[PDB]
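Next up: the same protein chain in two forms, each one alone, written as structure tokens (structure 1, then structure 2).
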Structure 1
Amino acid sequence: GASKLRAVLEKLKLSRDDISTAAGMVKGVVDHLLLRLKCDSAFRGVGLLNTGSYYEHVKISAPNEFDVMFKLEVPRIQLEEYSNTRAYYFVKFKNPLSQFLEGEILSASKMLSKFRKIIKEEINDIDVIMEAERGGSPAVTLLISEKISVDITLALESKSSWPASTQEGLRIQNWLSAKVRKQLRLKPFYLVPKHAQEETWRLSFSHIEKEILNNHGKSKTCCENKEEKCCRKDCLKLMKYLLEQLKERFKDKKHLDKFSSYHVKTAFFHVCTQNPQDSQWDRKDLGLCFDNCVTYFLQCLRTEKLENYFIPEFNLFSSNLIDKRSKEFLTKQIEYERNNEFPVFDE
């Protein structure tokens, strides 16, 4: 359904005036919070790392959701893995961060307490209001003029080599270059405070994800000229639209609550590994390329396996995170959608 998908992608185009209005409203709130945190001893070198779909140029229909990471430069860090989770770690030191130590580990909850307290106090004096202190890692979520959501995620920045659990991840050697993978792994990795049970930190590579999407092609000139337009980003947009429309259509149910845009985003990266060549993502074959993303995502649902693109042994669809009935329900609707030329693209 290439003709319908292009129509869907056209209605999904963000308004140029809306992003200008949205970004300015986010900028005023974000610059205010950053300026305040830089005045505290604990968050001396806090910096802005814009992540998420908007800054990956894959935002879906309106610039109403902004993912923002307040990164913190951390030196001499010792990682101890929590059980065999491969993605959750205890943070030790090999400084203003000693106030957040519980013995030898870096207490997350102590750092979120001060991070949230400073942010909640600042915006109490502001049309923005706090919320979403559940889920651990996105420390806080803001709502600007009850219109735009801003997920603020506290993060540590470690410039050391990536943890051993990422050794066989980021399999981009045949898609991007092996030099690119070497260069990307020289960039820092990020630690965000996530519950697993307490005082743990999860690995975060949203900066690598953002850099890959803005440099998606195997060819360097991909999506720079009319002869090399690909549909990678458009397939991710449609994949995000399928999940969002289904989550909205079944909002009254609880089955689709666990599935996030990161799952679709992660599954998209694996399809790019399976289809490394740009000729496998031509504009004319938008239906085939989107069906590839739909088919692979279904295999992840049916096999209960969606590897983290950077941590292979971290199953995003394991039974501990999502029950089989929720994955079976989403599998049902995706095939019904595909069998009927995706009715949710109209409602």
Structure 2
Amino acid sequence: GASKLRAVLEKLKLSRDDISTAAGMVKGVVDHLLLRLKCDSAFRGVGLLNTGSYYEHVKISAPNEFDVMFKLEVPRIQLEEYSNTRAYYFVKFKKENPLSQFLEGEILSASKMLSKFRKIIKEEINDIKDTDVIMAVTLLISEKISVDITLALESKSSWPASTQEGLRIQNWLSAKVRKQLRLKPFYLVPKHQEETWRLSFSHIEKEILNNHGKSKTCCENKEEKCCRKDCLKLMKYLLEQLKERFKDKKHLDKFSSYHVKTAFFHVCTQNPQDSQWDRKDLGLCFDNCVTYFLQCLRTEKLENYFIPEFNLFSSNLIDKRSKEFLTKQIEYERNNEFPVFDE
């Protein structure tokens, strides 16, 4: 039952001290690269974007994966939507800006900026090579710790129209809160071909996770302890284990913590009351997350949390057989009392 899930979470709590030291190994490399990129004309206004829990600047995507986001303040920015994709945009300017070396008429080239960014990193990684670190931009600190670095364009302007019906937290976190979060900046990340940038809102996650209840006092006292974070921790861990178990057959390579997070938060909108997340119902709640995620896998529909018209589970992004492989693996883990959590 819930007892089994609790022992998994307690096991995960002890490995938190090893990924706090690993977060430090990542922070040293990132601070070294930041003062290196800041001396450059193009990356003069480069800064670190705080997205997670460790130092705020470092995030976690898998047992050894780390996510770092380098922001770049881009004032006087005009966005042009690409072929009604709702998430992808061309970057255009409204004077003598430092970003001028990557322009092609009016369109700011993503590949041209990511080339200079990647080269400076590849250059200082060989400079301070007395700390084992090798190669959007992925590094590997001491044959174990993997770190994915992302160059983001910060826009302090209002969120584009595609987001209007996104962040449906009004009935959970409130309308007052949605308005305040929508006052925060948004980020543009190069696309994974065209010179387009994708809307990123990863920085908003830390805001909601540390203030996740309908009640302001959620998880501040024993009498109001919910199982929201625990369901996300268990949903994330389930995929990490499945990805490790089938790293041999490549079908789970496209699926990430991002898909697990999106689906979990959609269940938060679905279940806005803290009573729908009681700590005694850990098993029941985790299953509702598993069921919605399996419904997403089967229907080939997982909506971006900030852009409803953008499908993360589109045939274009992830193939149907990759989705059916995860559907049958999870369905099995559900029908075998989760043996991937065996200890």
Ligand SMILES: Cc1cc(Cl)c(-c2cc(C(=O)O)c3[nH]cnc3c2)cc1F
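The term rigid core refers to the maximal set of C-alpha atoms that superpose within 1.5 Å between the two forms. Structure 1's sequence is the ruler for residue numbers, which start at 1.
**Student:** Report the structure number, 1 or 2, for the form deposited without this ligand.
**Tutor:** It is the first structure (the form deposited without this ligand) rather than the second.
**Student:** If you line up the core, which of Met69, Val58, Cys289, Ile311 has a CA that moves 2 Å or more between structures 1 and 2?
**Tutor:** Per the superposition, the moving residue is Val58.
**Student:** Can you give the C-alpha shift of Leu14 between structures 1 and 2 in Å, rounded to one decimal, after superposing the rigid core?
**Tutor:** On core superposition, this C-alpha lies 4.6 Å from its counterpart.
**Student:** Given the rigid core as reference frame, how large is the C-alpha shift of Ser260 between structures 1 and 2? Answer in angstrom.
**Tutor:** Looking at the C-alpha of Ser260 between structures 1 and 2, the offset is 0.9 Å.
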